[PDB]
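In order, the protein sequences belong to chains B and A. Residue numbering for the first sequence is 0 to 88, 95 to 213, 231 to 427, as defined by the deposited numbering. Residue numbering for the second sequence is 4 to 64, 71 to 218, 222 to 553, as defined by the deposited numbering. Below is one structure; the comments refer to it alone.
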Amino acid sequence: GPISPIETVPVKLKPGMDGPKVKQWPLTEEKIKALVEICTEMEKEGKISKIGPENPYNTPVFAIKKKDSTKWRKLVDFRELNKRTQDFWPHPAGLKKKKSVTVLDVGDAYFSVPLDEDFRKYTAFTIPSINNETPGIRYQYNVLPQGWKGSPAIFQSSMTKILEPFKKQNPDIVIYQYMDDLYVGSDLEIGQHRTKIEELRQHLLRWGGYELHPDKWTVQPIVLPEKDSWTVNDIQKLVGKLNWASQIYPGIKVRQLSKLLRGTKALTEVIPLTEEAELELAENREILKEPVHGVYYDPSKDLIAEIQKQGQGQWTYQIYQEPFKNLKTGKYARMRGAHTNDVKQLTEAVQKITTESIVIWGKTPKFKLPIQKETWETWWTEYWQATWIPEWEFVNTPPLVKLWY
Amino acid sequence: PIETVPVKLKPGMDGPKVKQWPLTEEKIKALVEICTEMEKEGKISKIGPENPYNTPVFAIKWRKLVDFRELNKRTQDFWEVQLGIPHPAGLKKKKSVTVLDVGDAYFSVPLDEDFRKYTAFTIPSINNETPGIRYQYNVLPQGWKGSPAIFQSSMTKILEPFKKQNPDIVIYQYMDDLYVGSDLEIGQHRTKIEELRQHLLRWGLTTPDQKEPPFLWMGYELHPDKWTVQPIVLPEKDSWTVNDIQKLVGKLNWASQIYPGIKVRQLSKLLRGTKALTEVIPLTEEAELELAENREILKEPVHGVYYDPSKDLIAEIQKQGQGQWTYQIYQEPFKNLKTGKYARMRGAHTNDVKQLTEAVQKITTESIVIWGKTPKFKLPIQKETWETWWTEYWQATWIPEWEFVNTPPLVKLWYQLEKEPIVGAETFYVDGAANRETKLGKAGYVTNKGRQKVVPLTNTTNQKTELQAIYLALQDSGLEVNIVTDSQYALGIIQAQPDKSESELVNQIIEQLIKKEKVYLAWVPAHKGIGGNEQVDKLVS
Ligand SMILES: [Mg+2]
């Protein structure tokens, strides 16, 4: 296309790092057709340009449909490129406390600012063909691409000039920008909320949603099943669970409870609690209410979110930065695909945990998923409805104890 | 007339400088013939001694053969755009079909002018004192690293205006062959064919004079209502050179995408050498069996039919002998589009349900490759068996919409551990221990009813003494038993719920679990205050 009139910023990759060289995964006929229609129009508008095989870099590309959406949207898997891109040069702590927060897709705006020439070769992607009838169609971005971490950083100043007449007339509203998404939160009534976000939407169209309520987000604490009549199995499960909790709270003790299990008894034999055993169980009950020592959010380190399948459509999750120091614990239930699809529920869990982590800390976690690599890589794109993609690892070790019920 | 593709060597690396072998009189004579004939065509140009680069050239039959391995080692990487090769089952029935071959494919796509310096080669000096001629390539040389990708890209950018100007015909291009399919009347189809050949001829691409039903395309025969892969013939030779071995691994790794169970590993192992492209090679017996059994599997005739997008894809799976599965993809009953075998049994513990899931996911992936859609499955497993499995499995797992087909042997769950401790059942606190020094150990259990047992063991590890303790608990208990262990290893193996294993101890534990009625396996932390675990531990201590 034509040389963009806006002067370009000189971007570069991390020192010593080369561009991404990731292979394209197979795509359905529907998504290939959608990406052909999208990328042809994008090539006509000068946003992307065809390249040859001399470009040794590639980035996966596919298409998604958002919630209650019938239109395909192109999603490029810029995860490796974002990992290899240089970090640039704040997250509002007030956003998490607002009653209503709307997410708007402002990635299209990025299509108005050109991308650095010497950097364009790193944004190469290839649209595959069914049955390899024709060789894949390769493009590179001449403009700030959606899903790249550099696009919002470079478009930040322009966005500030776009939103100043809305930011000073309404200083109560909180605005945070992450990747292709804009989060606008407030404590206002929902009717005024729709009107104000429509106001900002037209304000965006003069230059040219997805609603959440974070103050209703619940935590899931460590609860001890405290019954009246105890079988041997219940007490040994409790001793294992508190022996596991003793790494989070070093004050936990399991001595007087373990003394009840003395001798070789049947697992279903009822055991009466002693006096110091009930006292110690109550003490350990309250030590779990004390905050964990040394816990705090470090933006310089990565967030890690582990997910556990609990059956009957409920899934627990933990967000921490180092073991046993959980910034947030929670549980989900009655999601899409409940009681008939584990991959869909796990995908929706990843999306919810990611959205919450962006609202709270302004960054996506790295996920430990309870699924084989092949299954997740086989079906996860069929249910993805977000414009960002977090990195994930695969856990194949069965948990001895659930620990979050 | 084609615009060239920019080519650059790897960073900080100059062109190649390989000494040229002097050959005999006859080889040189033929090389001067073929090389002059190639200089009459614009393919190569004579260069003065200003060029310091050289590439070895030989002469086998005549036929010229250039060794570009060093130049390829110094040429930049190129992105392989294709995800594989086209499968004939993905072809839709067309009223008119024509397959064209590109004559002198590489030798008609120009090479980057700045890169030709590195394509320099010498014809060896035959002697009283006669000269060796020095050529450089003006075109993509055969065997060069970047020739396939650049030729494919140039062919695409040449065909695109014609494919847009002719939407009624479809063109699938790959290597030597162009597939032109159409539903037009055969006359208009022929006219479009000639338009395509004139279009290619304007760019300097000739195509010498397939019009007959046996359309050979990518080693396939495209009959009107079916397709059959051409039987691949492998050479039977007393002595192998190194060029024939690399060519053979080319055709074998090519044949891998159409045949299952064809391996090139030990043959590819013999490509790490400094030897030139003509020296004799000793053939390892591993490569001997590798070429033998592969040469036997290529005798299997593979056939199928074409794809009808108006119907759905059906994928049926069947259980075989040893971790083997068979699958058929068809749209009409028994008219298979593609059949195949899946061979995987985990080197660790596994079960049939996991293997079935992996098969479903793999054939789903290749089905999206060939047809871009996921087929409806027919699997030898009951609905309640699957429901119990995925609902009770600790990992997230799922398979697409399917229907049960009663094709023995059925996939079953051979045992199911219970969720709660069993009232009235015997409780076995098990433990084991061993010493690395004396390679001797003990495995035992204690029981609420006072029953206990300790067995001394040779050729056992600690993690094996734990499994041995669980095994002894299963042997000496009734049909309902609760087992308490302190080993996350053994319990971690049992929680994966396998039905077969390489370790015969694990397999006997599996049989003991199948013969039981109720088994509740619990875990307690080791070396803490704990009722029976410290007892059996003190015994095995
Ligand atoms: Mg022990």
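Backbone N, C-alpha and C fix where the C-beta goes; we use that ideal spot for every residue, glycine too.
What residues are listed by DSSP as bridge partners for B:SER105?
Looking at the DSSP output, B:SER105 bridges to B:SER191.
Closest to B:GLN407 by C-alpha separation, out of B:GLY335, B:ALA288, B:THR377, B:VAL254, would be which residue?
The shortest Cα separation from B:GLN407 among B:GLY335, B:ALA288, B:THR377, B:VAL254 belongs to B:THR377.
So is the beta-carbon of A:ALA538 under 7 angstroms away from any non-hydrogen atom of ligand 1?
Within the cutoff, so yes.
If we define contact as Cβ-Cβ less than 8 angstroms, is A:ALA538 a contact residue for chain B?
Answer no: the Cβ-Cβ gap between A:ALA538 and chain B never drops below 8 angstroms.
In angstroms with no decimal places, state the Cα-to-Cα distance between A:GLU432 and A:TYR532.
Distance between the alpha carbons of A:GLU432 and A:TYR532 is about 7 angstroms.
For A:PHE227, the first and last residue of its enclosing beta strand (DSSP E)
From DSSP, A:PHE227 is part of no beta strand (DSSP E); its letter is neither H nor E.
Please classify A:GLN343: is it buried, with 16 or more other beta-carbons within 10 angstroms of its beta-carbon, or exposed?
With 16 or more other Cβ atoms within 10 Å, it is buried.
Would you list the one or two residues that DSSP bridges to B:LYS390?
B:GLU328, B:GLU415.
Do A:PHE227 and A:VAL317 count as a contact pair if the criterion is CB distance below 8 angstroms?
No Cβ-Cβ contact shorter than 8 angstroms links A:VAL317 with A:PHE227.
When you measure from the CB of A:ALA445 to every non-hydrogen atom of ligand 1, does any distance come out below 7 angstroms?
Yes; taking the cut-off as 7 angstroms, the Cβ of A:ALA445 has a heavy atom of ligand 1 nearer than that.
Please confirm whether any heavy atom of ligand 1 lies closer than 7 angstroms to the CB of A:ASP549.
Proximity of the beta carbon of A:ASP549 to ligand 1 is indicated: a heavy atom of the ligand is located closer than 7 angstroms.
Buried or exposed by the 16-neighbour rule on C-beta atoms within 10 Å, applied to B:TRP337:
It is buried - the Cβ of B:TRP337 has at least 16 other Cβ atoms within 10 Å.
A:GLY456 versus A:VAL493 - alpha carbon distance
The straight-line gap from Cα to Cα measures roughly 16 angstroms.
At a cut-off of 7 angstroms, is B:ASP67 close to ligand 1 when judged by its beta-carbon and the heavy atoms of the ligand?
No, Cβ of B:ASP67 sits at least 7 angstroms from all heavy atoms of ligand 1.
Just checking A:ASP498 against ligand 1 - is the residue's beta carbon closer than 7 angstroms to any of the ligand's heavy atoms?
Here the distance from the Cβ of A:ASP498 to the nearest heavy atom of ligand 1 is below 7 angstroms.
Please confirm whether B:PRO150 has its beta-carbon closer than 8 angstroms to some beta-carbon of chain A.
Not an interface residue.
CB contact flag (B:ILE270, B:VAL314, <8 angstroms):
It is a contact, given that the beta carbons lie within the stated cut-off.
Shorter than 8 angstroms from the beta carbon of A:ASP123 to some beta carbon of chain B?
Cβ-Cβ to chain B under 8 angstroms: no for A:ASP123.
Considering only the beta carbon of each residue, do A:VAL8 and A:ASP177 sit closer than 8 angstroms?
In this structure, A:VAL8 keeps its C-beta atom at 8 angstroms or more from the C-beta atom of A:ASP177.
Starting from A:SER48, follow the beta strand (DSSP E) in both directions and report where the run begins and ends.
Segment 47-49, the beta strand (DSSP E) holding A:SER48.
Answer with yes or no whether the minimum CB distance from A:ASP86 to chain B is below 8 angstroms.
Chain B, which has a Cβ nearer than 8 angstroms to the Cβ of A:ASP86, makes this yes.
Does the count of Cβ pairs from the stretch 317-330 of chain A and the stretch 463-483 of chain A closer than 8 angstroms reach three?
When C-beta atoms of the stretch 317-330 of chain A are compared with those of the stretch 463-483 of chain A, fewer than three pairs fall below 8 angstroms, so the two segments do not count as touching.
Under a three-way DSSP split, which group does A:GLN278 fall into?
Annotated three-state conformation of A:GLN278 is helix, per DSSP.
B:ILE380, buried or exposed, once every other Cβ within 10 Å from all chains shown has been counted against 16:
With 16 or more other Cβ atoms from the protein chains shown falling within 10 Å of its own Cβ, B:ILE380 counts as buried.
Of the choices B:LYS102, B:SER134, B:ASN255, whose alpha-carbon is the least far from that of A:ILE434?
Restricting attention to B:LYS102, B:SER134, B:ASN255, the CA atom closest to the CA of A:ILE434 is found in B:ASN255.
Where does B:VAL372 land, buried or exposed, given buried means 16+ other C-beta within 10 angstroms?
Buried, by the Cβ-count rule.
Would you verify that the beta carbon of B:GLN394 is, or is not, closer than 8 angstroms to some beta carbon of chain A?
Yes, B:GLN394 counts as interfacial toward chain A.
Excluding the five sequence neighbours on either side, which residues of its own chain have a C-beta within less than 8 angstroms of the C-beta of A:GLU89, listed in chain order?
So the list reads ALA158, once near-sequence residues are dropped.
Which complete beta strand (DSSP E) runs does the stretch 13-69 of chain B hold, if anything under 3 residues is left out?
Contiguous beta strand (DSSP E) elements confined to the stretch 13-69 of chain B occur at 47-49, 60-63, taking only those with 3 or more residues.
Under the assumption that B:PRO392 contacts A:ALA371 (Cβ atoms under 8 angstroms), give the Cβ distance between them as a whole number of angstroms.
No, B:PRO392 and A:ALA371 are not in contact; Cβ-Cβ is about 21 angstroms, not under 8 angstroms.
Could you give the residue range of the beta strand (DSSP E) that holds A:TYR339?
Segment 336-344, the beta strand (DSSP E) holding A:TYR339.
Closer than 7 angstroms by beta-carbon distance: list the chain A residues that pair up with B:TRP252, in chain order.
Per Cβ cutoff of 7 angstroms: no residues; B:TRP252 is ~12 angstroms from chain A at best.
Residues, ordered as in the chain, of the stretch 358-374 of chain A that lie near chain B by beta-carbon distance below 9 angstroms
If the cut-off is 9 angstroms between Cβ atoms, the stretch 358-374 of chain A has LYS366, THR369, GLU370, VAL372, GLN373, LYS374 near chain B.
So A:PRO170 is in the alpha helix (DSSP H); what residue range does that whole segment cover?
Per DSSP, A:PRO170 belongs to the alpha helix (DSSP H) from 156-174.
Do A:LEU486 and A:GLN524 have their CB atoms nearer than 8 angstroms?
Yes, they are a contact pair.
Any C-beta of chain B sitting closer than 8 angstroms to the C-beta of A:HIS96?
It does: the Cβ of A:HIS96 has a partner Cβ on chain B nearer than 8 angstroms.
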